[PDB]
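Chains, contacts and geometry: an overview
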Amino acid sequence: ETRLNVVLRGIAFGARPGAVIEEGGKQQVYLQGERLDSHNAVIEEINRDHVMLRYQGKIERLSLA
Amino acid sequence: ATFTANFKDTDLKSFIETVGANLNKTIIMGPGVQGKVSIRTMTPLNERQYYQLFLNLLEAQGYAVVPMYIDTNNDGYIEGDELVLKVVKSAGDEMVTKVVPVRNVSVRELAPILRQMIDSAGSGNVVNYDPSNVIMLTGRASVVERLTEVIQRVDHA
Ligand SMILES: [Ca+2]
Ligand SMILES: [Cl-]
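Below: a short report on this structure. (Residues numbered from 1 in each chain as written, not as in the entry; some residues may be left out. Chains lettered and ligands numbered in written order. Heavy atoms only, no water.)

1. As for a negative patch on the surface
Threshold: What goes into a patch is any residue over 30% in relative accessible area without a salt bridge, connected to like charges within 9 Å or, for nonpolar side chains (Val, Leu, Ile, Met, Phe, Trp, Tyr), within 5 Å. Areas reported here follow the Shrake-Rupley algorithm with a probe of radius 1.4 Å; residue values treat only the protein chains shown as occluding. Salt bridges, as used here, are contacts in which a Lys or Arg side-chain nitrogen is within 4 Å of a carboxyl oxygen on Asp or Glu. In this charge count, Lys and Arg are treated as positive and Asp and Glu as negative; neither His nor the chain ends contribute. In plain terms, the charge of a residue is placed at NZ if it is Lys, CZ if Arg, CG if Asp and CD if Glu. Comment: elements are numbered from the N terminus, with helices defined as DSSP H or I runs of at least four residues and strands as E runs of at least two.
On the surface, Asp75(B), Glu79(B), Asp81(B) and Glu82(B) cluster together into a negatively charged patch. As for its placement among the helices and strands, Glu79(B) is situated in the loop between β4 (63–69) and β5 (83–89).

Listed below in structure tokens is the structure:
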């Protein structure tokens, strides 16, 4: 699991997926390969019920709240 | 090709922006789009059904979607993949959405029953009849479960 203080609020999965991730009470939409805005973290995979992050050269899971 | 989705307490504007990305479509937002969206796909949806979900969830919030055909290359052809959308002000409680196939009957035959149930269930609950003979249900899970059982009973009866 991710140790980053960010909350996964929504996940829409398909051929063109997207996640809504919150940080500091602000919600923001991310596509795969995009960087997290708050931390230097890359949404490497958007899967059905979770996101996999690349943070400081490690893959970490961010699950739904 | 299908869409699954799970949204809990998501800003309307961020929901809207996600559907746009999923569908590969520019969505233009009127002023003062605000609110909260929650939904979970109990079954996958195809592009039409997902767009219908969209329409359904915005409507619940008091927001209408208006499609616009814009010719960005002055060629005299506006291809389906280039439609723009404008948004504007017009446990058993979980918001869920489900697709129910109907194997033995025309789906429109079931309308006057489901009409009665939805009137009774109250707002937020919506039935959509797909031309491929499947019924799509959006609403509170308890209600979606009671519609699913009535659909299926009539089907196999
Ligand atoms: Ca054109
Ligand atoms: Cl035009």
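2. With respect to the coordination of the calcium ion (ligand 1)
Four donors placed tetrahedrally around a metal ideally meet at 109.5 degrees, and six donors placed octahedrally ideally meet at 90 or 180 degrees. All names here are of chain B. Rule in force here: A donor here means any N, O or S atom no more than 2.8 Å from the metal (3.2 Å for Na, K and Ca); water is not included, so a site may seem to lack partners. Exposure categories follow from relative accessible area, calculated using a 1.4 Å probe and restricted to protein chains: below 20% of the type maximum is buried, above 50% is exposed, and the middle band is partly exposed.
Only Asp 71 (OD), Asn 73 (OD1), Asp 75 (OD) and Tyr 77 (O) from the protein reach the calcium ion (ligand 1) as donors, at distances of 2.3 to 2.4 Å. Along the chain, the residues donating to the calcium ion (ligand 1) fall in the pattern D-x1-N-x1-D-x1-Y. The partly exposed category is assigned to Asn 73, whose relative accessible area is 47%. Exposure remark for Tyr 77: the relative accessible area of 59% places this residue in the exposed category.

3. Some words on the nonpolar core
For soluble globular proteins, nonpolar side chains are generally found buried alongside one another. Residues and elements named next belong to chain B. Stated formally: Nine residue types can take part in a nonpolar core, namely buried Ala, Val, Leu, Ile, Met, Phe, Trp, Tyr and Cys, and a core is a set of them joined through side-chain atoms within 4.5 Å. Contact between two residues is taken to exist if any of their heavy atoms lie within 4.5 Å; hydrogens are not considered.
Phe 7, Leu 12, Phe 15, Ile 16, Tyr 50 and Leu 58 are the most contacted members of the largest nonpolar core, which has 27 residues in total. Contributions of two or more residues to this core are made by β1 (4–11), α1 (12–23), β3 (36–41), α2 (47–61), β4 and β5. Excluding its chain neighbours within four sequence positions, the residues that come into contact with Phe 15 are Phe 7, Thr 10, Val 37, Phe 54, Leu 57 and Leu 58. Formed by 16 residues, the second largest nonpolar core is a distinct cluster that contains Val 102, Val 107, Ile 118 and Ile 135.

4. Thoughts on the packing of helix α3 (residues 111–121) of chain B against helix α4 (residues 141–156) of chain B
Residue and element names in this part refer to chain B. Let me state the cut-off plainly: All axes here are fitted lines through C-alpha atoms, helices being fitted over the stretch that makes contact, and every angle between N-to-C directions spans 0 to 180 degrees. By definition in this entry, angles of less than 35 degrees are roughly parallel, angles greater than 145 are roughly antiparallel, angles of 65 to 115 are roughly perpendicular, and the rest are oblique. Here a crossing is taken to be left-handed if its near helix is turned anticlockwise relative to the far helix by less than a right angle, and right-handed if that turn runs clockwise. Just so you know the grouping, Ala, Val, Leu, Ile, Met, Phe, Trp, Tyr, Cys and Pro go in nonpolar, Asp, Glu, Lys and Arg go in charged, and all remaining residues, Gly too, go in polar.
Where α3 meets α4, the axes come as close as 11 Å, and the angle between the chain directions of the two elements is 165°. The angle between α3 and α4 falls in the class roughly antiparallel. Classified by chirality, the crossing of α4 by α3 is right-handed. Seen from α3, the contacting residues are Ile 113, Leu 114, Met 117, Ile 118 and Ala 121; seen from α4, they are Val 143, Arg 146, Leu 147, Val 150, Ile 151 and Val 154. In terms of residue class, the contact of α3 with α4 is made up of 10 nonpolar, no polar and 1 charged.

5. Overview of the pairing of strand β2 (residues 18–23) of chain A
Residues and elements named next belong to chain A. Where we set the bar: In this scheme, strands are said to pair when DSSP sees at least two bridges between them.
Most of β2 sits inside the fold, with 5 of its 6 residues counted as buried. For strand β1 (residues 7–13) and β2, the ladder comprises 5 bridges, and the chain directions are antiparallel. By the bridge assignment, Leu 8 is partnered in β2 with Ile 21. Connecting the antiparallel pair β1 and β2 is a turn made up of 4 residues.

None of the figures reported here should be taken as evidence of function without further support.
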